[PDB]
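1. before I ask anything, here's the sequence and the deposited coordinates:
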Amino acid sequence: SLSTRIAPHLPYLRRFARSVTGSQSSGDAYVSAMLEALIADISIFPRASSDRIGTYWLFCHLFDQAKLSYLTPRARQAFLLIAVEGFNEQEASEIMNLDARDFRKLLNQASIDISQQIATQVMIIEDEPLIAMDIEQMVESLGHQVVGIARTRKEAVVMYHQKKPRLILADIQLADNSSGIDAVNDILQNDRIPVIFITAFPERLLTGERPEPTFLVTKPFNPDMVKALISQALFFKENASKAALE
């Protein structure tokens with residue numbers, strides 16, 4: 001039954017792992033490492049207040065006292081657990097082993113962190129018009145700029161090289177039901193531009209069994225989820241660019 005306790009929650013755990021580490025290969029490797037640790041000694045799984053919490057607790061317990069905090073500071077981890085992973089504060093506090101007041105401190109520091117981040121320029125690739133309008137207004141109300149919305153591949157290629165977006169928000173599926181993921185990668189080629197992918201079924205891209213995206217925003221959209229994922233993506237990109245400029 002232990003498997004039946006853990007199996008359902010592994011897809012979203014990979015999402016958190018990817019959001020914390022900044023890549024699929026790294027994020028998935030941590031989750032696989034957790035399974036290796038459970039294979040080695042099953043009794044490390046905790047009796048938390050829920051299976052899901054137990055799973056995230058274990059994850060953070062094994063890899064955060066490369067430590068997770070080195071990759072993403074605990075403050076930002078705290079905001080991710082609420083804004084992206086959908087825990088409430090009591091639950092995320094338990095995951096991070098903090099009293100609710102101390103958790104709230106982390107949240108506040110994260111809010112500070114994100115507000116000090118320079119706003120970015122987003123290109124949206126979305127064919128469903130109501131969806132694209134939603135994500136545009138949400139992105140702008142979060143303080144970023146939308147450089148434009150492309151409906152087709154040809155539109156996106158042109159928009160990308162002319163408007164030079166610093167971040168792409170893309171649907172995993174385009175008009176002809178063809179892959180939005182392939183389309184974005186065909187456009188960027190070797191470019192290191194953060195992409196966040198929109199899907200109604202994120203779990204289907206969180207198997208860790210094939211190439212899958214680093215960032216996934218769930219539709220219907222939540223402003224805090226978008227805020228968190230854009231913030232993480234910009235942070236990793238900044239640190240990569242800072243490191244490459246050295």
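-> Sure thing, it's come through. Residues are numbered from 1 along each chain as shown.

2. would you map the helices across the protein?
-> Taking DSSP state H, the helices of the chain run over residues 2-6, 10-21, 24-40, 51-63, 68-71, 74-83, 89-96, 100-115, 129-141, 153-163, 180-188, 223-244.

3. count residues in the vicinity of residue 8, would you?
-> Residue 8 has 13 neighbours, counted by other C-beta atoms under 10 Å. Any C-beta I mention is one placed from the backbone N, CA and C, and that applies to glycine too.

4. quick one: contacts for it?
-> Residue 8 makes contact with residue 51, according to C-beta atoms under 8 Å, 6 or more residues apart in numbering.

5. gap between residue 2 and residue 35?
-> Here residue 2 is placed at a distance of 12 Å from residue 35 (C-beta to C-beta, to the nearest Å).

6. so how far is residue 103 from residue 88?
-> Look at residue 88 and residue 103: by C-beta to C-beta, they are 10 Å apart.

7. looking at those two, which has the bigger crowd around it?
-> residue 103 (23 against 9).

8. now do the contacts for residue 169.
-> For residue 169, the contact set (C-beta under 8 Å, 6+ apart) comprises 122-126, 135, 139, 195-196, 198, 217.

9. I should have written residue 30 there, sorry.
-> Contacts for residue 30 were tallied using C-beta under 8 Å, 6+ apart; they are 17, 20-21, 59, 63, 68.

10. the same query, at a cut-off of 6 Å, please.
-> Counting by C-beta atoms under 6 Å, 6 or more residues apart in numbering, residue 30 makes contact with 17, 63.

11. one more: residue 55?
-> 6, 9, 13.

12. from residue 86, how far out is the first one?
-> I take that to be residue 6. 18 Å.

13. the more surrounded of those two?
-> A direct count of neighbours by other C-beta under 10 Å for residue 6 and residue 86 places residue 6 higher, at 19 against 15.

14. how near is that one to residue 87?
-> Distance from residue 6 to residue 87, by C-beta to C-beta: 17 Å.

15. now swap in residue 112 and tell me
-> The gap separating residue 112 from residue 87 is 21 Å, by C-beta to C-beta.
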